[PDB]
Amino acid sequence: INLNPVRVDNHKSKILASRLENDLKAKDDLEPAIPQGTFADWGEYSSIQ
Amino acid sequence: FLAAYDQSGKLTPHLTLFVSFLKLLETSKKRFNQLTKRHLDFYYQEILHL
């Protein structure tokens, strides 16, 4: 049987181009989360009187 | 002084309250001094995730 060069090139291109997409996505998720609190003058005191 | 009157039944009432109060506060000291451990544990386990 005979093969056509344009069809092969298209398949090869798609297979490899999809690899580039993942290398690019990898550039954003580079760090873990840290739990965050609030702030409220923990030393406030009222007289027992 | 503190040893001499411990369980004697002989202090004047204004000192009796003051000293009883100071003894009750010992449980606060116990809780308060555990903060250094809680701080260390937090850093290694929740900040550094180890």
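Rules behind the numbers
- Residues numbered from 1 in each chain as written, not as in the entry; some residues may be left out.
- Chains lettered and ligands numbered in written order.
- Part of a larger assembly, values for the part shown.
- Heavy atoms only, no water.
- Salt bridge = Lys/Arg side-chain N within 4 Å of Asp/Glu carboxyl O.
- Helix = DSSP H or I, 4+ residues; strand = E, 2+ residues; numbered from the N terminus.
- Buried < 20%, exposed > 50% of the residue type's maximum accessible area, 1.4 Å probe, protein only.
- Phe/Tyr/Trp six-rings, centres within 6.5 Å; stacked < 30°, edge-to-face > 60°.
- Expected span 1.5 Å × (residues − 1).

- cryo-EM is the method the PDB entry states for this structure, with the resolution given as 2.7 Å.

Quick look at the pattern of salt bridges
All names here are of chain B.
Part 1 of the reasoning: Applying the stated criterion across every chain yields a total of 1 salt bridge over all chains.
Part 2 of the reasoning: Note that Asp6 is salt-bridged to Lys23, the shortest N-O span being 3.4 Å. Of the two residues, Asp6 sits in the segment before α1 (13-24) while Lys23 sits in helix α1, which places them 17 residues apart along the sequence.
Part 3 of the reasoning: We classify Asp6 as partly exposed; its relative accessible area is 39%.

Re the packing of aromatic side chains
Residue and element names in this part refer to chain B.
Part 1 of the reasoning: In the structure shown here, the tally under the stated rule is 2 aromatic pairs over all chains.
Part 2 of the reasoning: Between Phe1 and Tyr5 the ring centres are 4.9 Å apart and the planes differ by 45 degrees, which places this aromatic pair in the tilted class.
Part 3 of the reasoning: Centroid distance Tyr43 to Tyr44: 5.8 Å. Interplanar angle 40 degrees. Geometry classified as tilted.
Part 4 of the reasoning: Owing to a relative accessible area of 40%, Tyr43 belongs among the partly exposed residues under this scheme.
Part 5 of the reasoning: Here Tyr44 falls in the partly exposed class, since its relative accessible area comes to 44%.

Here we look at helix α1 (residues 5-25) of chain A
Part 1 of the reasoning: Its 21 residues give α1 of chain A an end-to-end C-alpha distance of 31 Å, which sits within 8% of 30 Å, the value for a rise of 1.5 Å per residue.
Part 2 of the reasoning: When you tally the buried positions in α1 of chain A, you get 0 out of 21 residues, a small fraction of the element.

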